[PDB]
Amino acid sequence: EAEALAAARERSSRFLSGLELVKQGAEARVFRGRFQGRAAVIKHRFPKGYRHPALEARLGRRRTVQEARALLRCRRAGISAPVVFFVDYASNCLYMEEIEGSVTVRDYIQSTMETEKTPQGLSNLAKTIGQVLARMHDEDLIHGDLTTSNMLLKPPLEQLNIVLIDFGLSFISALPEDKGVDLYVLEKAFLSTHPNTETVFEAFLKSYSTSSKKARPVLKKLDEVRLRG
């Protein structure tokens, strides 16, 4: 079993070496290329040498499984996110549709602030994000790592077609506190990355509150989490 497992991991390494590395986080490298004729991204949860190898294998597997489950949940719930093509548990690689020609919300906001020199034209974007994340929370899906880089705008850009990505830290919870923390994390990332765009986040919160069926306890928990930190 060890020989066959080793051969499969070597196959995976060979395949990745033919792809373009496009992103790297703390825990995953994202590669892009073709998979059986379709534009694809392959996410490899890669081990760090200084951690215990048994723990690293468990962690890589857990985050691969959780992202695959989240993406299936999204698709069946009508939440736009990449579809999953293939999950390789020998290598902790997740093969996914590429969101071709897309731009991060982060880049879109920053470009707008640079050119328009004002956030007034981003309220529509904020309202869309509010509707999308309200739908996600109403499916009891906690993203776990919300930033404006984990939301993509699919072309044509001005249609505001938001695609959610990178669910490795996601989990299922109905608890308003968990949803409040999800929003609090987004808020801190948003305000620190996009200074002086508070009206945008205000419009996001208004739309989330209108769009979600159970936002009242969530937004109260958001206030509590903010105060505690």
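For clarity, a rigid core is taken as the largest C-alpha set superposing within 1.5 Å between two forms. So that there is no doubt, residue numbering starts at 1 and follows the sequence shown.
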Between 202-210 and 10-18, which has the larger RMS C-alpha deviation from this form in 4 other deposited structures of this protein after core superposition? 10-18
Fit on the core, then compare CA atoms: does 163-171 or 23-31 lie farther from this form in 4 other deposited structures of this protein? 23-31
Of 61-69 vs 43-51, the stretch with the larger average CA B-factor in the entry is 43-51
Taking only the CA atoms, which stretch has the higher mean B-factor in the record, 151-159 or 71-79? 151-159
Per the entry, which of 102, 111, 131, 92 tops the list for Cα B factor? 111
Just say lowest, middle or highest third for the CA B-factor of residue 185 relative to the other modelled residues in its chain. lowest
Sort the modelled residues of this chain by their C-alpha B factor and say whether residue 16 lands in the lowest, middle or highest third. highest
Rank-wise, by C-alpha B-factor, drop residue 56 into the lowest, middle or highest third of its chain. highest
For residue 170, the third of its chain by CA B-factor is the lowest
Comparing against every modelled residue in the chain, figure out the third that the C-alpha B-factor of residue 88 lands in (lowest, middle or highest). lowest
